[PDB]
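Pasting final_6.pdb here (PDB, N, CA and C atoms):
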```pdb
MODEL        1
ATOM      1  N   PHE A 428     108.363  39.689 150.807
ATOM      2  CA  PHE A 428     106.974  39.269 150.620
ATOM      3  C   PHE A 428     106.849  37.754 150.397
ATOM      4  N   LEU A 429     106.757  37.277 149.138
ATOM      5  CA  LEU A 429     106.606  35.859 148.801
ATOM      6  C   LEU A 429     107.863  35.333 148.204
ATOM      7  N   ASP A 430     108.011  34.041 148.354
ATOM      8  CA  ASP A 430     109.148  33.224 147.984
ATOM      9  C   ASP A 430     109.462  32.376 149.148
ATOM     10  N   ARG A 431     109.432  31.085 148.935
ATOM     11  CA  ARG A 431     109.679  30.156 149.993
ATOM     12  C   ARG A 431     111.007  30.421 150.638
ATOM     13  N   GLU A 432     112.024  30.783 149.879
ATOM     14  CA  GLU A 432     113.275  31.005 150.559
ATOM     15  C   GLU A 432     113.232  32.254 151.404
ATOM     16  N   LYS A 433     112.629  33.318 150.899
ATOM     17  CA  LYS A 433     112.585  34.494 151.728
ATOM     18  C   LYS A 433     111.801  34.210 152.972
ATOM     19  N   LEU A 434     110.673  33.523 152.829
ATOM     20  CA  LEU A 434     109.827  33.244 153.956
ATOM     21  C   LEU A 434     110.493  32.305 154.910
ATOM     22  N   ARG A 435     111.215  31.323 154.415
ATOM     23  CA  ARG A 435     111.848  30.415 155.326
ATOM     24  C   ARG A 435     112.753  31.174 156.266
ATOM     25  N   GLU A 436     113.553  32.073 155.709
ATOM     26  CA  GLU A 436     114.428  32.842 156.555
ATOM     27  C   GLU A 436     113.671  33.896 157.346
ATOM     28  N   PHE A 437     112.695  34.548 156.749
ATOM     29  CA  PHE A 437     111.997  35.608 157.444
ATOM     30  C   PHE A 437     111.314  35.089 158.682
ATOM     31  N   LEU A 438     110.724  33.915 158.559
ATOM     32  CA  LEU A 438     109.965  33.290 159.617
ATOM     33  C   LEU A 438     110.875  32.724 160.702
ATOM     34  N   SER A 439     112.192  32.702 160.435
ATOM     35  CA  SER A 439     113.196  32.199 161.357
ATOM     36  C   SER A 439     113.914  33.362 162.053
ATOM     37  N   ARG A 440     114.167  34.437 161.314
ATOM     38  CA  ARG A 440     114.868  35.572 161.887
ATOM     39  C   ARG A 440     113.959  36.596 162.508
ATOM     40  N   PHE A 441     112.849  36.903 161.858
ATOM     41  CA  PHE A 441     111.890  37.807 162.445
ATOM     42  C   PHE A 441     111.250  36.965 163.512
ATOM     43  N   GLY A 442     110.835  35.798 163.059
ATOM     44  CA  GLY A 442     110.203  34.794 163.869
ATOM     45  C   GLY A 442     108.717  34.869 163.649
ATOM     46  N   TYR A 443     108.127  33.778 163.179
ATOM     47  CA  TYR A 443     106.691  33.734 162.930
ATOM     48  C   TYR A 443     106.394  34.868 161.965
ATOM     49  N   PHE A 444     105.143  35.278 161.890
ATOM     50  CA  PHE A 444     104.792  36.489 161.177
ATOM     51  C   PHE A 444     103.421  36.884 161.726
ATOM     52  N   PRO A 445     102.939  38.111 161.535
ATOM     53  CA  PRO A 445     101.637  38.573 161.972
ATOM     54  C   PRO A 445     100.438  38.156 161.135
ATOM     55  N   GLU A 446      99.346  38.327 161.880
ATOM     56  CA  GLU A 446      98.138  37.563 161.606
ATOM     57  C   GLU A 446      97.441  38.042 160.358
ATOM     58  N   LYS A 447      97.504  39.336 160.128
ATOM     59  CA  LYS A 447      96.838  39.952 159.005
ATOM     60  C   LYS A 447      97.368  39.407 157.694
ATOM     61  N   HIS A 448      98.548  38.803 157.727
ATOM     62  CA  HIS A 448      99.166  38.252 156.556
ATOM     63  C   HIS A 448      99.060  36.736 156.430
ATOM     64  N   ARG A 449      98.225  36.068 157.242
ATOM     65  CA  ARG A 449      98.144  34.605 157.132
ATOM     66  C   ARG A 449      97.766  34.180 155.747
ATOM     67  N   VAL A 450      96.924  34.958 155.117
ATOM     68  CA  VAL A 450      96.439  34.682 153.791
ATOM     69  C   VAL A 450      97.537  34.635 152.766
ATOM     70  N   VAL A 451      98.499  35.515 152.846
ATOM     71  CA  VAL A 451      99.510  35.470 151.820
ATOM     72  C   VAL A 451     100.614  34.483 152.120
ATOM     73  N   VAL A 452     101.068  34.456 153.349
ATOM     74  CA  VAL A 452     102.172  33.583 153.633
ATOM     75  C   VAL A 452     101.786  32.147 153.421
ATOM     76  N   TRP A 453     100.607  31.768 153.904
ATOM     77  CA  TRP A 453     100.157  30.413 153.804
ATOM     78  C   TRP A 453      99.740  30.038 152.419
ATOM     79  N   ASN A 454      99.284  31.046 151.661
ATOM     80  CA  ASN A 454      98.550  30.504 150.542
ATOM     81  C   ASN A 454      99.624  30.202 149.576
ATOM     82  N   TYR A 455     100.668  31.032 149.635
ATOM     83  CA  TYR A 455     101.812  30.809 148.795
ATOM     84  C   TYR A 455     102.491  29.509 149.137
ATOM     85  N   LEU A 456     102.846  29.350 150.394
ATOM     86  CA  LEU A 456     103.593  28.188 150.784
ATOM     87  C   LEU A 456     102.821  26.905 150.613
ATOM     88  N   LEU A 457     101.530  26.954 150.866
ATOM     89  CA  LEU A 457     100.678  25.793 150.814
ATOM     90  C   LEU A 457      99.983  25.593 149.497
ATOM     91  N   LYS A 458     100.299  26.405 148.504
ATOM     92  CA  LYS A 458      99.672  26.237 147.215
ATOM     93  C   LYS A 458      98.149  26.211 147.301
ATOM     94  N   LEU A 459      97.539  27.108 148.062
ATOM     95  CA  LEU A 459      96.090  27.041 148.135
ATOM     96  C   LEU A 459      95.458  27.552 146.874
ATOM     97  N   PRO A 460      94.403  26.890 146.368
ATOM     98  CA  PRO A 460      93.652  27.295 145.212
ATOM     99  C   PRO A 460      92.709  28.429 145.462
ATOM    100  N   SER A 461      92.393  28.729 146.728
ATOM    101  CA  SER A 461      91.404  29.751 146.983
ATOM    102  C   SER A 461      90.144  29.343 146.232
ATOM    103  N   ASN A 462      89.772  28.086 146.430
ATOM    104  CA  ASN A 462      88.653  27.479 145.785
ATOM    105  C   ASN A 462      87.434  27.772 146.589
ATOM    106  N   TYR A 463      87.036  29.007 146.484
ATOM    107  CA  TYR A 463      85.949  29.493 147.267
ATOM    108  C   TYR A 463      84.642  28.871 146.850
ATOM    109  N   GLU A 464      84.515  28.436 145.597
ATOM    110  CA  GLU A 464      83.242  27.868 145.244
ATOM    111  C   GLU A 464      83.098  26.540 145.933
ATOM    112  N   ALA A 465      84.187  25.771 145.935
ATOM    113  CA  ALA A 465      84.141  24.471 146.535
ATOM    114  C   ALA A 465      83.888  24.587 147.997
ATOM    115  N   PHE A 466      84.456  25.601 148.608
ATOM    116  CA  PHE A 466      84.221  25.745 150.009
ATOM    117  C   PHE A 466      82.797  26.151 150.315
ATOM    118  N   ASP A 467      82.270  27.119 149.594
ATOM    119  CA  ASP A 467      80.936  27.561 149.910
ATOM    120  C   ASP A 467      79.913  26.452 149.770
ATOM    121  N   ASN A 468      80.129  25.510 148.858
ATOM    122  CA  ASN A 468      79.121  24.481 148.726
ATOM    123  C   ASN A 468      79.164  23.482 149.894
ATOM    124  N   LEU A 469      80.125  23.627 150.800
ATOM    125  CA  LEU A 469      80.181  22.802 151.980
ATOM    126  C   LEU A 469      79.462  23.549 153.078
ATOM    127  N   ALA A 470      79.604  24.864 153.036
ATOM    128  CA  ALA A 470      79.067  25.733 154.058
ATOM    129  C   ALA A 470      77.546  25.733 154.164
ATOM    130  N   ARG A 471      76.829  25.674 153.047
ATOM    131  CA  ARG A 471      75.364  25.734 153.171
ATOM    132  C   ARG A 471      74.641  24.524 152.625
ATOM    133  N   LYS A 472      74.428  23.597 153.575
ATOM    134  CA  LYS A 472      73.344  22.628 153.340
ATOM    135  C   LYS A 472      72.194  22.580 154.361
ATOM    136  N   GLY A 473      72.481  22.838 155.633
ATOM    137  CA  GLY A 473      71.470  22.604 156.673
ATOM    138  C   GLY A 473      72.089  21.947 157.912
ATOM    139  N   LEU A 474      71.259  21.310 158.726
ATOM    140  CA  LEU A 474      71.714  20.698 159.969
ATOM    141  C   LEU A 474      72.735  19.599 159.752
ATOM    142  N   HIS A 475      73.788  19.611 160.561
ATOM    143  CA  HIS A 475      74.795  18.565 160.527
ATOM    144  C   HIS A 475      74.952  17.798 161.868
ATOM    145  N   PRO A 476      74.299  16.632 162.035
ATOM    146  CA  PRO A 476      74.236  15.806 163.233
ATOM    147  C   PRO A 476      75.535  15.324 163.883
ATOM    148  N   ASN A 477      76.658  15.240 163.178
ATOM    149  CA  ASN A 477      77.834  14.741 163.887
ATOM    150  C   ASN A 477      78.370  15.696 164.939
ATOM    151  N   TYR A 478      78.173  17.007 164.780
ATOM    152  CA  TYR A 478      78.789  17.911 165.740
ATOM    153  C   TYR A 478      77.848  18.986 166.234
ATOM    154  N   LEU A 479      76.835  18.637 166.991
ATOM    155  CA  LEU A 479      75.901  19.642 167.429
ATOM    156  C   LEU A 479      76.109  20.341 168.810
ATOM    157  N   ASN A 480      76.738  19.822 169.930
ATOM    158  CA  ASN A 480      77.363  18.562 170.454
ATOM    159  C   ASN A 480      78.805  18.729 170.957
ATOM    160  N   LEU A 481      79.572  19.666 170.414
ATOM    161  CA  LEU A 481      81.021  19.707 170.709
ATOM    162  C   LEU A 481      81.443  19.912 172.173
ATOM    163  N   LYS A 482      80.687  20.706 172.934
ATOM    164  CA  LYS A 482      81.039  21.001 174.325
ATOM    165  C   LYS A 482      80.997  19.776 175.210
ATOM    166  N   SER A 483      80.368  18.712 174.734
ATOM    167  CA  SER A 483      80.257  17.509 175.505
ATOM    168  C   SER A 483      81.603  16.827 175.661
ATOM    169  N   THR A 484      82.503  16.981 174.690
ATOM    170  CA  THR A 484      83.792  16.333 174.823
ATOM    171  C   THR A 484      84.895  17.343 174.956
ATOM    172  N   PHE A 485      84.646  18.551 174.484
ATOM    173  CA  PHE A 485      85.636  19.591 174.542
ATOM    174  C   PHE A 485      84.936  20.858 175.014
ATOM    175  N   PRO A 486      84.688  20.987 176.325
ATOM    176  CA  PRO A 486      83.822  21.963 176.943
ATOM    177  C   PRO A 486      84.436  23.333 177.038
ATOM    178  N   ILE A 487      84.740  23.915 175.900
ATOM    179  CA  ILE A 487      85.274  25.253 175.898
ATOM    180  C   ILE A 487      84.072  26.145 175.808
ATOM    181  N   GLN A 488      83.885  26.955 176.831
ATOM    182  CA  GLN A 488      82.654  27.704 176.952
ATOM    183  C   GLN A 488      82.617  29.004 176.190
ATOM    184  N   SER A 489      82.585  28.858 174.896
ATOM    185  CA  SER A 489      82.477  29.959 173.979
ATOM    186  C   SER A 489      81.487  29.565 172.934
ATOM    187  N   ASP A 490      80.358  30.260 172.898
ATOM    188  CA  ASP A 490      79.286  29.851 172.008
ATOM    189  C   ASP A 490      79.459  30.407 170.614
ATOM    190  N   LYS A 491      80.540  31.148 170.426
ATOM    191  CA  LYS A 491      80.884  31.670 169.126
ATOM    192  C   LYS A 491      82.118  30.928 168.580
ATOM    193  N   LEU A 492      82.999  30.443 169.461
ATOM    194  CA  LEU A 492      84.173  29.736 168.978
ATOM    195  C   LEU A 492      83.809  28.293 168.666
ATOM    196  N   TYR A 493      82.880  27.703 169.453
ATOM    197  CA  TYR A 493      82.522  26.323 169.181
ATOM    198  C   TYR A 493      81.784  26.348 167.871
ATOM    199  N   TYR A 494      81.097  27.450 167.594
ATOM    200  CA  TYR A 494      80.334  27.595 166.382
ATOM    201  C   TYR A 494      81.278  27.626 165.218
TER     202      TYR A 494
ATOM    203  N   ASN B 530     129.802  40.737 167.397
ATOM    204  CA  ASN B 530     129.255  41.998 166.969
ATOM    205  C   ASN B 530     128.344  41.874 165.771
ATOM    206  N   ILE B 531     128.705  40.979 164.888
ATOM    207  CA  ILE B 531     127.919  40.828 163.715
ATOM    208  C   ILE B 531     126.674  40.079 164.050
ATOM    209  N   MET B 532     126.819  38.960 164.753
ATOM    210  CA  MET B 532     125.673  38.153 165.095
ATOM    211  C   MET B 532     124.683  38.882 165.948
ATOM    212  N   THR B 533     125.140  39.870 166.713
ATOM    213  CA  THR B 533     124.253  40.673 167.516
ATOM    214  C   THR B 533     123.483  41.593 166.565
ATOM    215  N   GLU B 534     124.252  42.478 165.978
ATOM    216  CA  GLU B 534     123.488  43.635 165.579
ATOM    217  C   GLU B 534     123.565  43.718 164.113
ATOM    218  N   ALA B 535     124.668  43.292 163.531
ATOM    219  CA  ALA B 535     124.667  43.472 162.094
ATOM    220  C   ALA B 535     123.525  42.657 161.550
ATOM    221  N   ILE B 536     123.332  41.497 162.161
ATOM    222  CA  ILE B 536     122.264  40.645 161.772
ATOM    223  C   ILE B 536     120.983  41.197 162.308
ATOM    224  N   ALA B 537     120.904  41.536 163.580
ATOM    225  CA  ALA B 537     119.619  41.989 164.027
ATOM    226  C   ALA B 537     119.139  43.187 163.236
ATOM    227  N   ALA B 538     120.039  44.085 162.859
ATOM    228  CA  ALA B 538     119.702  45.265 162.105
ATOM    229  C   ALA B 538     119.252  44.912 160.707
ATOM    230  N   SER B 539     119.932  43.961 160.075
ATOM    231  CA  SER B 539     119.578  43.576 158.726
ATOM    232  C   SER B 539     118.319  42.757 158.725
ATOM    233  N   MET B 540     117.964  42.241 159.886
ATOM    234  CA  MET B 540     116.792  41.435 160.020
ATOM    235  C   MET B 540     115.621  42.311 160.369
ATOM    236  N   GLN B 541     115.811  43.635 160.345
ATOM    237  CA  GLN B 541     114.729  44.547 160.623
ATOM    238  C   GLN B 541     113.975  44.765 159.356
ATOM    239  N   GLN B 542     114.715  44.341 158.347
ATOM    240  CA  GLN B 542     114.360  44.865 157.092
ATOM    241  C   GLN B 542     113.398  43.853 156.537
ATOM    242  N   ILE B 543     113.269  42.772 157.286
ATOM    243  CA  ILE B 543     112.352  41.751 156.955
ATOM    244  C   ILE B 543     110.964  42.284 157.109
ATOM    245  N   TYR B 544     110.679  42.955 158.230
ATOM    246  CA  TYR B 544     109.354  43.490 158.404
ATOM    247  C   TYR B 544     109.275  44.765 157.668
ATOM    248  N   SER B 545     110.421  45.414 157.436
ATOM    249  CA  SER B 545     110.315  46.674 156.733
ATOM    250  C   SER B 545     109.576  46.358 155.453
ATOM    251  N   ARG B 546     109.907  45.216 154.839
ATOM    252  CA  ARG B 546     109.174  44.794 153.673
ATOM    253  C   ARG B 546     107.887  44.003 153.968
ATOM    254  N   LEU B 547     107.885  43.101 154.958
ATOM    255  CA  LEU B 547     106.700  42.284 155.169
ATOM    256  C   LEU B 547     105.529  43.103 155.629
ATOM    257  N   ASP B 548     105.766  44.266 156.190
ATOM    258  CA  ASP B 548     104.705  45.128 156.653
ATOM    259  C   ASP B 548     103.677  45.439 155.590
ATOM    260  N   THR B 549     104.036  45.321 154.319
ATOM    261  CA  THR B 549     103.140  45.616 153.228
ATOM    262  C   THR B 549     102.640  44.402 152.496
ATOM    263  N   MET B 550     102.792  43.204 153.034
ATOM    264  CA  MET B 550     102.341  42.074 152.232
ATOM    265  C   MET B 550     100.831  42.176 151.981
ATOM    266  N   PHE B 551     100.110  42.787 152.924
ATOM    267  CA  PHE B 551      98.673  43.009 152.847
ATOM    268  C   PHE B 551      98.268  43.847 151.644
ATOM    269  N   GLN B 552      99.208  44.609 151.094
ATOM    270  CA  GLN B 552      98.915  45.468 149.974
ATOM    271  C   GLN B 552      98.757  44.652 148.735
ATOM    272  N   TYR B 553      99.257  43.440 148.771
ATOM    273  CA  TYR B 553      99.116  42.608 147.639
ATOM    274  C   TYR B 553      97.997  41.739 147.993
ATOM    275  N   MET B 554      97.925  41.307 149.224
ATOM    276  CA  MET B 554      96.843  40.431 149.603
ATOM    277  C   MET B 554      95.508  40.988 149.106
ATOM    278  N   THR B 555      95.286  42.282 149.353
ATOM    279  CA  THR B 555      94.065  42.984 148.970
ATOM    280  C   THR B 555      93.939  43.134 147.462
ATOM    281  N   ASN B 556      95.046  42.964 146.769
ATOM    282  CA  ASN B 556      95.151  43.013 145.330
ATOM    283  C   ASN B 556      95.830  41.765 144.717
ATOM    284  N   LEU B 557      95.858  40.623 145.406
ATOM    285  CA  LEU B 557      96.596  39.461 144.895
ATOM    286  C   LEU B 557      95.639  38.346 144.560
ATOM    287  N   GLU B 558      94.665  38.353 145.440
ATOM    288  CA  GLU B 558      93.920  37.134 145.730
ATOM    289  C   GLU B 558      92.513  37.559 145.960
ATOM    290  N   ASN B 559      92.375  38.859 146.026
ATOM    291  CA  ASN B 559      91.171  39.514 146.368
ATOM    292  C   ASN B 559      90.058  39.225 145.418
ATOM    293  N   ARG B 560      90.333  38.874 144.170
ATOM    294  CA  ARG B 560      89.207  38.580 143.323
ATOM    295  C   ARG B 560      88.369  37.477 143.939
ATOM    296  N   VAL B 561      89.018  36.510 144.601
ATOM    297  CA  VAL B 561      88.337  35.424 145.276
ATOM    298  C   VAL B 561      87.659  35.886 146.523
ATOM    299  N   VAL B 562      88.368  36.701 147.274
ATOM    300  CA  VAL B 562      87.839  37.216 148.521
ATOM    301  C   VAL B 562      86.546  37.893 148.232
ATOM    302  N   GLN B 563      86.583  38.615 147.149
ATOM    303  CA  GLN B 563      85.482  39.327 146.652
ATOM    304  C   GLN B 563      84.390  38.450 146.006
ATOM    305  N   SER B 564      84.730  37.493 145.131
ATOM    306  CA  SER B 564      83.696  36.717 144.431
ATOM    307  C   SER B 564      82.831  35.966 145.414
ATOM    308  N   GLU B 565      83.489  35.396 146.422
ATOM    309  CA  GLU B 565      82.876  34.571 147.444
ATOM    310  C   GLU B 565      81.727  35.258 148.133
ATOM    311  N   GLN B 566      81.794  36.566 148.276
ATOM    312  CA  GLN B 566      80.778  37.241 149.017
ATOM    313  C   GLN B 566      79.427  37.149 148.313
ATOM    314  N   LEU B 567      79.428  37.103 146.973
ATOM    315  CA  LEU B 567      78.184  37.007 146.212
ATOM    316  C   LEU B 567      77.774  35.620 146.046
ATOM    317  N   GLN B 568      78.732  34.804 145.760
ATOM    318  CA  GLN B 568      78.426  33.457 145.419
ATOM    319  C   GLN B 568      77.805  32.786 146.640
ATOM    320  N   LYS B 569      78.243  33.224 147.811
ATOM    321  CA  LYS B 569      77.691  32.820 149.091
ATOM    322  C   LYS B 569      76.220  33.265 149.303
ATOM    323  N   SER B 570      75.807  34.392 148.670
ATOM    324  CA  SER B 570      74.534  35.072 148.817
ATOM    325  C   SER B 570      74.319  35.970 147.598
TER     326      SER B 570
ENDMDL
END
```
Translate the structure of the given file into structure tokens.
Amino acid sequence: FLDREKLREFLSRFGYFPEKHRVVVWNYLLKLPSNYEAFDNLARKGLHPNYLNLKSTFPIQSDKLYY
Amino acid sequence: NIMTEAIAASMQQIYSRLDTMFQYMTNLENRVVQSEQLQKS
């Protein structure tokens, strides 16, 4: 499960790891705070003018992924 | 022989255990996963 040494080897011998576990492998290794309050206060303010706009330079035609 | 299979076999056991990391995820960190849903709305 967790432990940088176990993961270092697991991710080398198994190779990578599956997606459903990104939360645990990363959060452990990356010391994430899971600071959900801080994140949510970024998520809801309103219109953001710098990136309305993205397909103009990176035209990936997915209206849900660009979102 | 060892590098082939003794290792490949012992390296099975990596997922044998990693297959359940989600069982903690849902009970490790979940208080946040959960709090966020309200705090968001």
Residue members of the PyMOL selection byres ((chain A) within 6.5 of (chain B)) in the file shown, as number ranges by chain: A: 428, 437, 440-441, 447-448, 451, 461, 463, 467
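Rounded to one decimal, CA of residue 466 (chain A) and CA of residue 494 (chain A) lie 16.9 Å from each other.
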One-decimal distance in Å that lies between CA of residue 472 (chain A) and CA of residue 490 (chain A):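 Computed distance, CA of residue 490 (chain A) to CA of residue 472 (chain A), equals 20.9 Å.
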Which of chain B DSSP labels alpha helix (DSSP H), written as a list in words: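 Secondary structure check on chain B, alpha helix (DSSP H): residues 536, 537, 538, 539, 542, 543, 544, 545, 546, 547, 551, 552, 553, 554, 555, 556, 557, 559, 560, 561, 562, 563, 564, 565, 566, 567 and 568 of chain B.
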d(atom N of residue 474 (chain A), atom N of residue 460 (chain A)) in Å: 26.8 Å
Please put the answer as AutoDock Vina command-line options: centre and edge lengths, in Å with one decimal, of a box along x, y and z that encloses all listed atoms of region 447-461 of chain A plus 8 Å on each side.
```
--center_x 96.9 --center_y 32.8 --center_z 152.7 --size_x 29.4 --size_y 30.4 --size_z 30.9
```
